[PDB]
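# Chain and residue survey
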Amino acid sequence: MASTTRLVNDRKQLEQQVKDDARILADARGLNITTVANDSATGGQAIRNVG
Amino acid sequence: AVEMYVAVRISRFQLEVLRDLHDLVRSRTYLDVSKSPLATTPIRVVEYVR
């Protein structure tokens, strides 16, 4: 049990830190939403009256 | 002159006489589409959502 047994955990922590500090410097820009539309209807059979 | 010695006549007649010009207005009934519109589709069961 030496400093070599901590290598995998060291890599786990290093990957977490790399992701975290690459998220900080990444530039973020808003995007335009162009998908709004009322196209989600439902079908079926009409309940026609009889008489 | 264009009538014979025997005359054909009418015993009764009916007509409406109005003394005021504002008596010519009457009323009728209509559905209010804005608040009670006419239905355009029948009631159906839910199937084939897409």
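Method of determination, as given in the entry header: cryo-EM; reported resolution: 3.1 Å.

## Quick look at the overall build of chain A
Broken down by element type, chain A carries 1 helix and 1 strand. Its C-alpha radius of gyration of 28 Å places chain A more than 25% over the 10 Å reference for a compact globule of 51 residues. Expressed as lengths along the three principal axes of its C-alpha atoms, the size of chain A is roughly 90 × 35 × 5 Å. With 51 residues in all, chain A has 0% of them scored as buried. When the accessible surface of chain A is summed, it comes to about 5600 Å², and 53% of that surface belongs to carbon and sulfur atoms.

## Re the pattern of salt bridges
Following the criterion strictly, the structure yields 2 salt bridges over all chains and no others. The salt bridge partner of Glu 15 of chain A is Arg 11 of chain A, with a shortest N-O separation of 3.3 Å. Pair noted here: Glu 15 of chain A and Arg 11 of chain A are both in helix α1 (residues 7-25), with a separation of 4 residues, about one helical turn. Among the salt bridges present, the one from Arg 9 of chain B reaches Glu 3 of chain B, with a minimum N-O distance of 2.6 Å.

## Structural notes on the interface of chain B and chain A
Contact with chain B, which involves 9 residues of that partner, is made by 9 residues of chain A. Together, the buried faces of chain B and chain A total about 740 Å²; carbon and sulfur atoms form 56% of this surface. Here chain B is connected to chain A by 5 residue pairs in polar contact. Class assignment of the residues belonging to the side of chain B that touches chain A gives a composition of 6 nonpolar, no polar and 3 charged. In terms of strand pairing, strand β1 (residues 42-43) of chain A meets strand β1 (residues 47-49) of chain B through 2 bridges, oriented antiparallel. Across the sheet, the residue bridging to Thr 42 of chain A is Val 49 of chain B, located in β1 of chain B.

## Remarks on a nonpolar patch on the surface
On the surface, a nonpolar cluster with roughly 300 Å² of combined accessible area is contributed by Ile 47 of chain A together with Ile 43 and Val 45 of chain B. With respect to the helices, strands and loops of the structure, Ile 43 of chain B is situated in the segment before β1.

## Here's the deal with unusual backbone geometry
Phi is positive for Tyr 48 of chain B, close to 60 degrees, though the residue is something other than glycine. Here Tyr 48 of chain B falls in the exposed class, since its relative accessible area comes to 62%.

## Section: α1 of chain A
Between the first and last C-alpha of α1 of chain A there are 27 Å, a value that for 19 residues agrees with the 27 Å anticipated at 1.5 Å per step. In terms of burial, α1 of chain A is largely open, as just 0 of its 19 residues are buried.

So, how was this worked out
- Here the residue numbering is sequential from 1 along each chain as its sequence is written and may not follow the entry numbering; residues with no coordinates are omitted from view.
- Lettering for chains starts from A, numbering for ligands starts from 1, and both go in the order in which the items are written.
- What you see is a piece of a larger assembly; the numbers all apply to this piece alone.
- Only heavy atoms go into the side-chain values, all of them from the structure, while hydrogens and water stay out.
- By the criteria applied, helices consist of DSSP H or I runs no shorter than four residues and strands consist of E runs no shorter than two, each listed in order from the N terminus.
- We compute the radius of gyration over the C-alpha atoms and compare it with the globule rule, which gives 2.2 Å times the number of residues raised to the power 0.38.
- Buried, partly exposed and exposed residues are distinguished by accessible area as a fraction of the type maximum, computed with a 1.4 Å probe on protein chains only: under 20%, between the cut-offs, and over 50%, respectively.
- The method behind every accessible area is Shrake-Rupley, applied with a 1.4 Å probe, and residues are considered shielded solely by the protein chains displayed.
- Throughout this description, the term salt bridge denotes a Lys or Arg side-chain nitrogen within 4 Å of a carboxyl oxygen of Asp or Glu.
- Should any heavy atoms of two residues lie within 4.5 Å, those residues are counted as being in contact.
- Summed over both partners, the accessible surface that disappears when two parts come together, traced with a 1.4 Å probe, is what is meant by buried area.
- Polar contact criterion, stated in full: a pair of N or O atoms within 3.5 Å, where within protein one must be able to donate a hydrogen and the other to accept it, and residues adjacent in sequence count only if both atoms are side-chain atoms.
- Note on residue classes: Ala, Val, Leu, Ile, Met, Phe, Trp, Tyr, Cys and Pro are nonpolar, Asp, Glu, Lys and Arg are charged, and everything else, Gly too, is polar.
- We call two strands paired when DSSP finds no fewer than two bridges between them.
- Only residues whose relative accessible area exceeds 30% and that form no salt bridge enter a patch; like-charged residues are grouped when within 9 Å of one another, and nonpolar side chains (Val, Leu, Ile, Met, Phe, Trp, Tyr) when within 5 Å.
- Any helix carries an expected span of 1.5 Å times its number of residues minus one.

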